[PDB]
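Everything on this sheet refers to the single structure shown next.
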Amino acid sequence: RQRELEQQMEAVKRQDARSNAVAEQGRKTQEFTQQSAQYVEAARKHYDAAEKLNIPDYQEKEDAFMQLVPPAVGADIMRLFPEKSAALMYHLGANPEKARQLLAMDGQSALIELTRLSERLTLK
Amino acid sequence: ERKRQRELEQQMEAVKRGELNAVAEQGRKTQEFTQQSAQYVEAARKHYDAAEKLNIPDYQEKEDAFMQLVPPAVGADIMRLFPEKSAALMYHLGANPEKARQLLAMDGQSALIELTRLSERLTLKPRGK
């Protein structure tokens, strides 16, 4: 997953109105850059999670989550809760219904619930 | 607050009263608006009732502060996306205009967090014996 993120990074690696637009473009490029960076750091933490974990079931739980969700979004999610992303992934994977439940209903709230999810969780 | 429950309810009720291919556009708009309004009412009463349940003396007061602070819809949406939690958080809203401003400044995904984090932070885990 990191390498896929790395490819996005690799992409980065490789008159008044115009001033407003060129400026807007600079801002946009920078934004993309930062998000992607968020994505590698997210990857860094995701793999911080993955390396500290050595769990392919957690990886499998994610796989269930992955079929369910677009990865970049999950990565943004990883960005949101770097500390518990792995944990978060595990719950959802364990809870196949819950993640879709998040999708079907109030995704905005669902992410909000994600912290809670990222919460009541009593770890191991 | 009970009086102010009406203020929010009234604007909505008035629209609820209805003195507002093309017809398909119409149906979509109307129904959606109506659903949103019903939600707002669940919320309006809730915003007000829960606030009453708190009864902290400045609810409505602060409401103004927050309302002025932010586009009303944001908060309203927040109410939608928050139970009593909401109004209490509205309370907090007034509780922190600059902080709130920071909360506002933060991007939309971040915004969730703002609300998010605040909510539990802002609630009542009970106690034992």
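Quick note, the sequences are listed as chains A and B, same order.
For the first sequence, the positions run 72 to 85, 139 to 248 when PDB author numbering is used.
For the second sequence, the positions run 69 to 88, 144 to 252 when PDB author numbering is used.
Just so you know, even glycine gets a beta-carbon here, dropped at the ideal spot from N, CA and C.
Separation of residue j from residue i, as counted between CA atoms
| i | j | result |
| --- | --- | --- |
| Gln162(A) | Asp200(A) | 7 Å |
| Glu87(B) | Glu165(B) | 21 Å |
| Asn219(B) | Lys176(B) | 21 Å |
| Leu238(A) | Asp140(A) | 44 Å |
| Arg72(A) | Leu241(A) | 23 Å |
| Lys248(A) | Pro195(A) | 25 Å |
| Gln191(B) | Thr153(B) | 28 Å |
| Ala223(A) | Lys208(A) | 16 Å |
| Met80(A) | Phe189(B) | 40 Å |
| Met202(A) | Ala211(A) | 10 Å |
| residue 120(A) | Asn144(B) | In the model as presented, chain A runs from 85 straight to 139, which leaves residue 120(A) without coordinates. |
| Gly251(B) | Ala174(A) | 39 Å |
| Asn178(A) | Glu148(B) | 53 Å |
Of the listed residues the options, nearest to residue i (C-alpha basis)
| i | options | result |
| --- | --- | --- |
| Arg74(B) | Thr153(B), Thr239(B), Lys169(B) | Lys169(B) |
| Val197(B) | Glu184(B), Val83(B), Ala234(B), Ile179(B) | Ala234(B) |
| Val193(B) | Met213(B), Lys84(B), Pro206(B) | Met213(B) |
| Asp187(B) | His215(B), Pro206(B), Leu227(B), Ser160(B) | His215(B) |
| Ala82(A) | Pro180(A), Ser160(A), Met229(A), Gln225(A) | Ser160(A) |
| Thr246(B) | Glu155(B), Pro206(B), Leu226(B), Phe156(B) | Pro206(B) |
Beta-carbon separation (whole angstroms), residue i vs residue j, contact threshold 8 Å
| i | j | result |
| --- | --- | --- |
| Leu204(A) | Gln158(B) | About 29 Å separates the two Cβ atoms, so there is no contact after all. |
| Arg70(B) | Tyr171(B) | 6 Å |
| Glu77(B) | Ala167(B) | 5 Å |
| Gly217(B) | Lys185(B) | 2 Å |
Contacts that residue i makes with chain A (C-beta to C-beta distance below 7 Å)
| i | result |
| --- | --- |
| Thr239(B) | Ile236, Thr239 |
Interface partners of residue i on chain B, CB under 9 Å
| i | result |
| --- | --- |
| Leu247(A) | Simply none; closest approach about 18 Å. |
Contact set between residue i and chain A, taken where Cβ atoms lie within less than 8 Å
| i | result |
| --- | --- |
| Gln232(B) | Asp200, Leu204, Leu235 |
Residue-chain proximity (residue i, chain C), Cβ-Cβ < 9 Å
| i | result |
| --- | --- |
| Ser209(B) | Given the protein chain composition of this structure (A and B), no chain C is represented. |
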